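Structure file input_17.cif (mmCIF, C-alpha atoms and all ligand atoms) follows.
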```
data_structure
loop_
_atom_site.label_atom_id
_atom_site.label_comp_id
_atom_site.auth_asym_id
_atom_site.auth_seq_id
_atom_site.Cartn_x
_atom_site.Cartn_y
_atom_site.Cartn_z
CA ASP J 1 77.25 -19.99 -92.54
CA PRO J 2 74.68 -22.97 -92.49
CA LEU J 3 70.82 -22.57 -92.61
CA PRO J 4 68.81 -23.41 -89.43
CA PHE J 5 67.69 -27.06 -89.46
CA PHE J 6 64.13 -28.22 -89.85
CA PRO J 7 62.66 -30.59 -87.29
CA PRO J 8 63.58 -34.27 -87.69
CA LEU J 9 61.08 -36.79 -89.21
CA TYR J 10 59.97 -38.12 -85.83
CA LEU J 11 58.96 -34.57 -84.82
CA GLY J 12 56.80 -34.19 -87.93
CA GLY J 13 59.50 -32.41 -89.99
CA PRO J 14 59.42 -32.33 -93.78
CA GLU J 15 60.76 -35.07 -96.01
CA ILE J 16 64.21 -34.26 -97.30
CA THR J 17 64.54 -33.62 -101.09
CA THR J 18 67.18 -32.14 -103.35
CA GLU J 19 65.47 -28.77 -102.82
CA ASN J 20 65.74 -28.59 -99.06
CA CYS J 21 68.60 -30.91 -98.09
CA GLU J 22 70.81 -28.11 -96.68
CA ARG J 23 68.19 -28.13 -93.77
CA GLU J 24 68.24 -31.80 -92.86
CA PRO J 25 69.00 -32.06 -89.13
CA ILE J 26 71.67 -34.74 -89.66
CA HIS J 27 73.04 -34.52 -86.10
CA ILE J 28 69.74 -35.69 -84.45
CA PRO J 29 68.45 -38.71 -86.42
CA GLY J 30 67.18 -40.48 -83.25
CA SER J 31 68.75 -43.73 -84.48
CA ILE J 32 72.06 -45.56 -85.01
CA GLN J 33 73.78 -47.92 -87.39
CA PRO J 34 73.05 -51.62 -86.52
CA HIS J 35 76.66 -52.88 -86.13
CA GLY J 36 76.71 -51.48 -82.57
CA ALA J 37 74.53 -50.46 -79.64
CA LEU J 38 74.08 -47.03 -78.00
CA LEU J 39 72.94 -45.99 -74.57
CA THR J 40 72.59 -42.48 -73.08
CA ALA J 41 73.02 -41.76 -69.34
CA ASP J 42 72.67 -38.93 -66.95
CA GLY J 43 76.11 -37.34 -66.51
CA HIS J 44 75.89 -37.06 -62.76
CA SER J 45 73.84 -40.11 -61.59
CA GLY J 46 74.76 -42.51 -64.33
CA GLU J 47 71.10 -43.45 -64.78
CA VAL J 48 70.47 -45.08 -68.22
CA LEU J 49 68.00 -42.85 -70.04
CA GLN J 50 67.90 -44.01 -73.75
CA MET J 51 68.79 -47.24 -75.42
CA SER J 52 68.98 -48.37 -79.00
CA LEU J 53 66.31 -51.07 -79.71
CA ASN J 54 68.98 -53.69 -80.62
CA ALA J 55 70.68 -53.33 -77.27
CA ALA J 56 70.00 -57.00 -76.19
CA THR J 57 71.98 -58.37 -79.16
CA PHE J 58 75.13 -56.70 -77.83
CA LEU J 59 74.64 -56.34 -74.17
CA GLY J 60 72.91 -59.67 -73.41
CA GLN J 61 69.72 -58.06 -71.99
CA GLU J 62 66.54 -56.17 -72.84
CA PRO J 63 66.20 -52.32 -73.16
CA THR J 64 63.05 -52.45 -71.07
CA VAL J 65 65.30 -54.13 -68.31
CA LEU J 66 68.46 -51.91 -68.51
CA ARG J 67 66.77 -48.50 -68.72
CA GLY J 68 66.84 -46.66 -65.35
CA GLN J 69 69.70 -48.79 -63.98
CA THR J 70 72.80 -46.72 -63.14
CA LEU J 71 76.16 -47.17 -64.70
CA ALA J 72 77.53 -47.38 -61.14
CA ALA J 73 75.66 -50.71 -60.94
CA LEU J 74 76.08 -51.87 -64.53
CA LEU J 75 79.74 -50.88 -65.05
CA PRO J 76 81.33 -50.91 -61.53
CA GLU J 77 84.90 -51.14 -62.86
CA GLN J 78 84.52 -48.39 -65.52
CA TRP J 79 82.07 -45.88 -64.02
CA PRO J 80 84.63 -44.01 -61.87
CA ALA J 81 87.19 -43.82 -64.66
CA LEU J 82 84.52 -42.66 -67.18
CA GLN J 83 83.35 -39.91 -64.80
CA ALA J 84 86.86 -38.74 -64.24
CA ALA J 85 87.67 -38.75 -67.97
CA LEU J 86 84.60 -36.65 -68.99
CA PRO J 87 83.92 -34.01 -66.40
CA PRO J 88 81.03 -31.54 -66.87
CA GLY J 89 81.80 -28.94 -69.45
CA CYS J 90 84.66 -30.93 -71.19
CA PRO J 91 84.79 -30.71 -75.03
CA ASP J 92 82.08 -32.89 -76.76
CA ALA J 93 84.78 -34.40 -78.90
CA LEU J 94 86.77 -35.74 -75.89
CA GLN J 95 86.38 -39.49 -75.46
CA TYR J 96 86.72 -42.28 -72.99
CA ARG J 97 87.49 -45.72 -74.30
CA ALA J 98 87.52 -49.12 -72.58
CA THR J 99 87.45 -52.73 -73.74
CA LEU J 100 84.93 -55.04 -71.97
CA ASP J 101 84.30 -58.86 -72.00
CA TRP J 102 81.02 -60.26 -73.21
CA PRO J 103 79.28 -63.68 -73.75
CA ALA J 104 80.56 -63.86 -77.45
CA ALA J 105 83.91 -64.06 -79.38
CA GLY J 106 86.17 -60.99 -79.15
CA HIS J 107 85.31 -58.18 -76.73
CA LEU J 108 83.07 -55.08 -76.70
CA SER J 109 84.73 -51.72 -77.32
CA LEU J 110 83.08 -48.97 -75.23
CA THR J 111 83.40 -45.33 -76.44
CA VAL J 112 81.87 -42.52 -74.41
CA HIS J 113 81.55 -38.76 -74.79
CA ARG J 114 79.67 -35.93 -73.07
CA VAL J 115 77.18 -33.48 -74.51
CA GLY J 116 75.84 -31.03 -71.91
CA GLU J 117 74.62 -33.16 -68.93
CA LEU J 118 74.36 -36.34 -71.02
CA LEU J 119 76.84 -39.26 -71.46
CA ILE J 120 76.59 -41.11 -74.78
CA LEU J 121 77.92 -44.69 -74.73
CA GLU J 122 78.68 -46.67 -77.83
CA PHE J 123 79.30 -50.48 -77.75
CA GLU J 124 80.74 -52.26 -80.72
CA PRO J 125 82.17 -55.79 -80.99
CA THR J 126 85.94 -55.94 -81.62
CA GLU J 127 88.28 -58.89 -82.13
CA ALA J 128 91.48 -59.19 -79.99
CA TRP J 129 93.92 -59.18 -83.04
CA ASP J 130 91.99 -56.09 -84.17
CA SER J 131 94.32 -54.17 -81.80
CA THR J 132 96.41 -51.50 -83.48
CA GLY J 133 99.59 -50.31 -81.77
CA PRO J 134 100.96 -46.75 -81.61
CA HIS J 135 103.54 -47.91 -84.30
CA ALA J 136 101.05 -47.72 -87.05
CA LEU J 137 100.82 -43.92 -86.65
CA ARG J 138 104.44 -43.58 -85.58
CA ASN J 139 105.97 -45.36 -88.56
CA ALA J 140 103.62 -43.52 -90.97
CA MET J 141 104.80 -40.05 -89.85
CA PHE J 142 108.11 -40.72 -91.62
CA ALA J 143 106.94 -40.67 -95.23
CA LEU J 144 104.59 -37.77 -94.42
CA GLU J 145 107.51 -35.76 -93.08
CA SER J 146 109.71 -36.30 -96.08
CA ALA J 147 107.13 -35.30 -98.76
CA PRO J 148 108.65 -32.23 -100.53
CA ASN J 149 105.48 -30.21 -101.26
CA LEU J 150 101.71 -30.12 -100.77
CA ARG J 151 100.69 -32.43 -103.63
CA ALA J 152 103.40 -35.02 -102.70
CA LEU J 153 102.11 -34.84 -99.05
CA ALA J 154 98.53 -35.49 -100.28
CA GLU J 155 99.70 -38.49 -102.37
CA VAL J 156 101.67 -40.07 -99.56
CA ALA J 157 98.78 -39.46 -97.13
CA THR J 158 96.19 -41.32 -99.30
CA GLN J 159 98.64 -44.21 -99.89
CA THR J 160 99.46 -44.49 -96.15
CA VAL J 161 95.75 -44.48 -95.20
CA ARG J 162 94.97 -47.16 -97.82
CA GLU J 163 97.89 -49.30 -96.51
CA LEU J 164 96.64 -48.93 -92.90
CA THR J 165 92.99 -49.69 -93.68
CA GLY J 166 92.82 -51.83 -96.79
CA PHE J 167 90.02 -49.61 -98.17
CA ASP J 168 89.31 -49.96 -101.93
CA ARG J 169 89.55 -46.18 -102.42
CA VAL J 170 91.12 -43.38 -100.38
CA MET J 171 90.95 -39.76 -101.65
CA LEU J 172 92.10 -36.40 -100.35
CA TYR J 173 89.14 -34.12 -101.15
CA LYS J 174 90.09 -30.41 -100.91
CA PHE J 175 87.49 -27.60 -100.58
CA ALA J 176 87.67 -24.36 -102.65
CA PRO J 177 86.51 -21.08 -101.14
CA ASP J 178 83.14 -21.47 -102.87
CA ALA J 179 82.78 -24.87 -101.08
CA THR J 180 83.14 -26.92 -104.29
CA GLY J 181 85.74 -29.71 -103.97
CA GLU J 182 88.38 -31.53 -105.95
CA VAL J 183 90.04 -34.93 -105.54
CA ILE J 184 93.64 -33.93 -105.23
CA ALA J 185 95.18 -37.35 -104.47
CA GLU J 186 93.83 -40.90 -104.67
CA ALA J 187 95.00 -44.37 -103.77
CA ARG J 188 92.81 -47.10 -105.22
CA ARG J 189 92.43 -50.78 -106.02
CA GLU J 190 93.81 -51.62 -109.49
CA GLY J 191 91.00 -51.27 -112.12
CA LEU J 192 88.67 -48.95 -110.15
CA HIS J 193 87.70 -45.84 -112.10
CA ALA J 194 89.83 -42.81 -111.07
CA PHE J 195 88.21 -39.76 -109.41
CA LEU J 196 91.61 -37.96 -109.30
CA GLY J 197 91.32 -34.34 -110.65
CA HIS J 198 87.48 -34.48 -110.66
CA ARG J 199 85.57 -31.54 -109.18
CA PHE J 200 82.22 -31.69 -107.33
CA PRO J 201 79.51 -29.20 -106.48
CA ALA J 202 79.23 -27.68 -103.02
CA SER J 203 75.79 -29.31 -102.55
CA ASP J 204 77.40 -32.76 -102.40
CA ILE J 205 78.61 -31.96 -98.81
CA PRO J 206 75.97 -29.38 -97.68
CA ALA J 207 76.80 -26.57 -95.27
CA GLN J 208 75.38 -28.19 -92.08
CA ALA J 209 77.52 -31.33 -92.83
CA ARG J 210 80.65 -29.14 -93.36
CA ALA J 211 79.86 -27.39 -90.05
CA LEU J 212 79.44 -30.65 -88.19
CA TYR J 213 82.72 -31.98 -89.72
CA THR J 214 84.57 -28.96 -88.37
CA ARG J 215 83.84 -30.12 -84.72
CA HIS J 216 83.49 -33.94 -84.96
CA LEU J 217 86.34 -35.15 -87.15
CA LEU J 218 85.40 -38.71 -88.10
CA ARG J 219 82.18 -40.24 -89.45
CA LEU J 220 81.27 -43.34 -91.46
CA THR J 221 78.60 -45.57 -92.98
CA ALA J 222 79.52 -49.23 -92.25
CA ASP J 223 76.86 -50.70 -94.68
CA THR J 224 75.17 -48.45 -97.17
CA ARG J 225 72.13 -50.79 -97.31
CA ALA J 226 71.60 -51.23 -93.48
CA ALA J 227 68.47 -49.82 -91.85
CA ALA J 228 68.91 -47.62 -88.89
CA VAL J 229 67.91 -48.74 -85.36
CA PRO J 230 65.81 -46.22 -83.28
CA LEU J 231 66.82 -44.87 -79.84
CA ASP J 232 64.08 -45.38 -77.25
CA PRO J 233 62.81 -43.16 -75.95
CA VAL J 234 63.75 -40.96 -78.98
CA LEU J 235 63.96 -37.70 -77.05
CA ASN J 236 66.41 -37.08 -74.15
CA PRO J 237 64.23 -36.99 -70.92
CA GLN J 238 66.59 -34.36 -69.47
CA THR J 239 65.51 -31.88 -72.06
CA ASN J 240 62.46 -33.38 -73.83
CA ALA J 241 64.52 -32.52 -76.94
CA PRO J 242 66.42 -34.58 -79.54
CA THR J 243 69.73 -36.16 -78.47
CA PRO J 244 72.79 -34.65 -80.35
CA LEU J 245 74.61 -37.64 -81.91
CA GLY J 246 77.27 -35.69 -83.92
CA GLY J 247 79.88 -37.10 -81.52
CA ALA J 248 78.89 -40.76 -82.04
CA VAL J 249 80.36 -42.69 -85.07
CA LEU J 250 77.28 -44.96 -84.62
CA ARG J 251 74.96 -42.07 -85.51
CA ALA J 252 72.67 -42.98 -88.45
CA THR J 253 73.84 -41.44 -91.74
CA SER J 254 71.58 -39.08 -93.70
CA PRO J 255 69.39 -41.21 -96.04
CA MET J 256 70.15 -38.78 -98.80
CA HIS J 257 73.89 -39.44 -98.51
CA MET J 258 73.24 -43.24 -98.17
CA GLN J 259 71.55 -43.01 -101.58
CA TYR J 260 74.42 -40.98 -103.02
CA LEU J 261 76.78 -43.76 -101.86
CA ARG J 262 74.71 -46.60 -103.29
CA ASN J 263 74.58 -44.61 -106.63
CA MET J 264 78.45 -44.61 -106.71
CA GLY J 265 78.44 -48.43 -106.01
CA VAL J 266 79.93 -47.87 -102.46
CA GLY J 267 79.34 -50.53 -99.78
CA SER J 268 81.06 -48.74 -96.86
CA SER J 269 82.30 -45.14 -96.50
CA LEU J 270 84.36 -43.26 -93.89
CA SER J 271 85.96 -39.81 -93.82
CA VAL J 272 88.27 -37.79 -91.56
CA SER J 273 88.30 -34.02 -91.48
CA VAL J 274 91.48 -31.97 -92.20
CA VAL J 275 90.89 -28.78 -90.24
CA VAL J 276 93.38 -25.92 -90.75
CA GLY J 277 93.41 -22.83 -88.45
CA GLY J 278 89.90 -23.88 -87.38
CA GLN J 279 88.44 -24.02 -90.99
CA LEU J 280 87.55 -27.23 -92.85
CA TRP J 281 90.32 -27.65 -95.45
CA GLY J 282 89.35 -30.98 -96.86
CA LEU J 283 88.50 -34.64 -96.03
CA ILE J 284 90.36 -37.97 -96.16
CA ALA J 285 87.44 -39.75 -97.93
CA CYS J 286 87.46 -43.57 -98.05
CA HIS J 287 85.18 -46.14 -99.81
CA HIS J 288 84.95 -49.91 -99.82
CA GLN J 289 83.03 -51.91 -102.32
CA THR J 290 81.29 -54.01 -99.63
CA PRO J 291 80.15 -53.40 -96.02
CA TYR J 292 83.03 -53.13 -93.60
CA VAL J 293 83.51 -52.05 -89.97
CA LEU J 294 86.96 -50.41 -89.49
CA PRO J 295 87.96 -51.36 -85.90
CA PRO J 296 87.82 -48.60 -83.22
CA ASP J 297 91.61 -48.46 -82.71
CA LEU J 298 92.19 -48.01 -86.43
CA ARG J 299 89.56 -45.23 -86.55
CA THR J 300 91.31 -43.41 -83.69
CA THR J 301 94.64 -43.88 -85.54
CA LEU J 302 93.08 -42.34 -88.63
CA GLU J 303 91.73 -39.35 -86.60
CA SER J 304 95.22 -38.70 -85.30
CA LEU J 305 96.66 -38.99 -88.80
CA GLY J 306 94.08 -36.33 -89.93
CA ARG J 307 95.29 -33.92 -87.19
CA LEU J 308 98.95 -34.64 -88.17
CA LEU J 309 98.21 -34.03 -91.80
CA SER J 310 96.30 -30.84 -90.93
CA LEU J 311 99.57 -29.53 -89.28
CA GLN J 312 101.79 -30.60 -92.16
CA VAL J 313 99.39 -28.94 -94.65
CA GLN J 314 99.46 -25.76 -92.44
CA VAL J 315 103.26 -25.85 -92.35
CA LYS J 316 103.55 -26.11 -96.17
CA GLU J 317 100.86 -23.60 -97.07
CA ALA J 318 102.95 -21.14 -95.04
CA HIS J 319 105.84 -21.34 -97.64
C1 LIG Q 401 70.45 -32.72 -101.16
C2 LIG Q 401 71.62 -33.27 -100.29
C3 LIG Q 401 72.72 -33.88 -100.83
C4 LIG Q 401 74.00 -34.37 -100.15
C5 LIG Q 401 73.81 -34.65 -98.72
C6 LIG Q 401 74.94 -35.06 -97.88
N1 LIG Q 401 76.22 -35.45 -98.17
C7 LIG Q 401 76.84 -35.75 -97.02
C8 LIG Q 401 78.19 -36.30 -96.72
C9 LIG Q 401 79.20 -36.52 -97.72
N2 LIG Q 401 79.18 -36.29 -99.05
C10 LIG Q 401 80.42 -36.63 -99.50
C11 LIG Q 401 80.77 -36.38 -100.91
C12 LIG Q 401 81.64 -37.23 -101.66
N3 LIG Q 401 82.01 -38.55 -101.42
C13 LIG Q 401 82.74 -38.84 -102.56
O1 LIG Q 401 83.26 -39.96 -102.78
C14 LIG Q 401 82.82 -37.77 -103.53
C15 LIG Q 401 83.53 -37.68 -104.82
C16 LIG Q 401 84.12 -38.80 -105.35
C17 LIG Q 401 82.14 -36.67 -102.95
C18 LIG Q 401 81.98 -35.31 -103.54
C19 LIG Q 401 81.29 -37.09 -98.45
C20 LIG Q 401 82.71 -37.47 -98.58
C21 LIG Q 401 80.53 -37.03 -97.30
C22 LIG Q 401 81.02 -37.31 -95.89
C23 LIG Q 401 80.55 -38.65 -95.27
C24 LIG Q 401 81.30 -39.80 -95.90
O2 LIG Q 401 82.61 -39.74 -95.86
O3 LIG Q 401 80.72 -40.81 -96.33
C25 LIG Q 401 75.87 -35.64 -95.86
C26 LIG Q 401 76.10 -35.90 -94.41
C27 LIG Q 401 76.12 -37.42 -94.17
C28 LIG Q 401 76.21 -37.67 -92.68
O4 LIG Q 401 77.28 -37.45 -92.06
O5 LIG Q 401 75.15 -38.10 -92.10
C29 LIG Q 401 74.70 -35.17 -96.40
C30 LIG Q 401 73.38 -34.82 -95.69
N4 LIG Q 401 74.80 -35.05 -101.15
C31 LIG Q 401 74.21 -34.75 -102.35
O6 LIG Q 401 74.79 -35.08 -103.33
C32 LIG Q 401 72.92 -34.06 -102.31
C33 LIG Q 401 71.99 -34.99 -103.02
#
```
Could you spell out this file's structure in structure tokens?
Amino acid sequence: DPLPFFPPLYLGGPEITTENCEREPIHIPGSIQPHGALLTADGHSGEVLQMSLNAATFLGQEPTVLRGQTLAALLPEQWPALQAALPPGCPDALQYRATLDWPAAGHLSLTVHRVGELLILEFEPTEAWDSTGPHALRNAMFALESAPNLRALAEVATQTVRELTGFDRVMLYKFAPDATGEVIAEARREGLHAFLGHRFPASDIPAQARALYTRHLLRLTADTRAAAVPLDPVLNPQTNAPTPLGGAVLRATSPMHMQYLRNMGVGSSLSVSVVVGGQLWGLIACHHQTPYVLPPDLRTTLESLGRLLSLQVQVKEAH
């Protein structure tokens, strides 16, 4: 049962310390990570309402010039499909995904979801060979299916995720009923210190984070030293209230957790929820020693692997 959040910093809210960090409003930071661009749009008209300040770098033109244009004008070949894919009232975790061409090498990956009457559009560069087929997940199901018990399933799952991603460290972090956690399986680069069997306090993943991770199953920090980029305007004009960014992997990470990562020597972090009968059972928690952007198709593969593992855990715990 999480505490109510305090206002964010840009609404004059308090600075976040170790005494009050269960109240940080981590879903509404008003800013994104700088490896991509974000726009928000009205869900019926398509009118562009908010843009990240770096939008020109990715889109080829200025925020001041794109704001107020409609997606029917800007994205004539995707706007109908996007509308159809995310009708009003659909789940905020449902996504639309398209690949677009741009001035530069590779393409732009476009990911869109709906929160209330607002469409949230994320653009991130992707290379062409950075395609992942459905075989990656398909072939991986095999070793997960043959694991004979829960711990063997956890060990195969961390090894499969490390093989798919190349991450330096991949853990399965399981929550206890008091919300403390334990690393129950770990695949890691030879010579990295082991976290296997280590337990952590509940405060390391505070209650409002555990709530958010029950609904939006994947989040990441691509570069634990990168400054966030503001959305402008920072509040959603539809509501004159903060924009919920829980559903956007580009959402800026809590500064408090960015510090926690830098203290562990982590350059890039990503985790996928394992949700069992609607409760958060644990996380697939990954680190890399340097900044790294896992490509969008691999992320989506990992999400699916989390849902598959959640079912296999749920099967075995009933035994
Ligand atoms: C006073 C507030 C604190 C707190 C804030 C906090 N932590 C998170 C998110 C995560 N914490 C994680 C914990 C671990 N990563 C590990 O490697 C290990 C053990 C080896 C642990 C225990 C994890 C996995 C996450 C999820 C995100 C990720 O995978 O990188 C947040 C929310 C971050 C966000 O989504 O914006 C917050 C606010 N951590 C503290 O320790 C105290 C200081």
Around ligand LIG 401 (chain Q), out to 7 Å and counting only C-alpha atoms and all ligand atoms, which residues are there? I want them as a PyMOL selection string.
chain J and resi 17-22+24+26+181+195+200+203-206+209+219-221+252-254+256-257+260+269-271+283+285-286
Can you find the residues with an atom no farther than 8 Å from (76.1, -23.6, -97.6), counting all atoms listed in the file, and report them as a PDB file with C-alpha atoms, keeping the file's coordinate frame?
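For reference, part_24.pdb as written:
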```
ATOM      1  CA  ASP J   1      77.250 -19.990 -92.540  1.00  0.00           C
ATOM      2  CA  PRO J   2      74.680 -22.970 -92.490  1.00  0.00           C
ATOM      3  CA  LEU J   3      70.820 -22.570 -92.610  1.00  0.00           C
ATOM      4  CA  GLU J  22      70.810 -28.110 -96.680  1.00  0.00           C
ATOM      5  CA  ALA J 179      82.780 -24.870-101.080  1.00  0.00           C
ATOM      6  CA  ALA J 202      79.230 -27.680-103.020  1.00  0.00           C
ATOM      7  CA  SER J 203      75.790 -29.310-102.550  1.00  0.00           C
ATOM      8  CA  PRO J 206      75.970 -29.380 -97.680  1.00  0.00           C
ATOM      9  CA  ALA J 207      76.800 -26.570 -95.270  1.00  0.00           C
ATOM     10  CA  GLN J 208      75.380 -28.190 -92.080  1.00  0.00           C
TER      11      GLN J 208
END
```
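Proximity ranking of J:235, J:85, J:148, J:136 relative to residue 51 of chain J places J:235 first, based on only C-alpha atoms.
Note that the spacing between atom CA of residue 153 of chain J and atom CA of residue 173 of chain J amounts to 13.2 Å.
Interatomic distance, atom CA of residue 182 of chain J against atom CA of residue 214 of chain J: 18.2 Å.
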Would you please work out which residue, of J:302, J:156, J:184, J:250, is nearest to residue 217 of chain J when using only C-alpha atoms?
J:302
Got a sec to check which residues sit within 12 Å of (66.2, -34.6, -69.7), counting all atoms listed in the file, and write them as a PyMOL selection string?
chain J and resi 40-43+47-50+116-119+233-243
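Atom to atom, atom CA of residue 231 of chain J and atom CA of residue 38 of chain J stand 7.8 Å apart.
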Show which residues sit within 8 Å of segment 89-106 of chain J, as a list in words. Count only C-alpha atoms, and ignore same-chain residues fewer than 5 positions away.
residues 59, 60, 78, 82, 111, 112, 113, 114, 115, 116, 125, 126, 127, 128, 215, 216 and 247 of chain J
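Distances to residue 53 of chain J were evaluated for J:172, J:157, J:318, J:37 using all atoms listed in the file, and the minimum falls at J:37.
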Check the smallest atom-to-atom distance from each of J:305, J:86, J:65, J:154 to residue 134 of chain J using all atoms listed in the file, then report the winner.
J:305
Could you list, as a ChimeraX atom specification, every residue within 9 Å of residue 299 of chain J, counting all atoms listed in the file and ignoring same-chain residues fewer than 5 positions away?
/J:218,294,304
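Nearest-residue note for residue 187 of chain J: choosing from J:287, J:244, J:276, J:109, the minimum distance belongs to J:287, counting all atoms listed in the file.
The residue that comes closest to residue 298 of chain J, out of J:282, J:133, J:46, J:177 and on the basis of all atoms listed in the file, is J:133.
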Contacts of residue 227 of chain J at 10 Å (all atoms listed in the file; same-chain gap of 6+ positions) as a compact mmCIF listing (two decimals) with C-alpha atoms, in the coordinates of the input:
```txt
# COMPACT_ATOMS: atom_id res chain seq x y z
CA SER J 31 68.75 -43.73 -84.48
CA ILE J 32 72.06 -45.56 -85.01
CA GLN J 33 73.78 -47.92 -87.39
CA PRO J 34 73.05 -51.62 -86.52
CA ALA J 252 72.67 -42.98 -88.45
CA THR J 253 73.84 -41.44 -91.74
CA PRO J 255 69.39 -41.21 -96.04
```
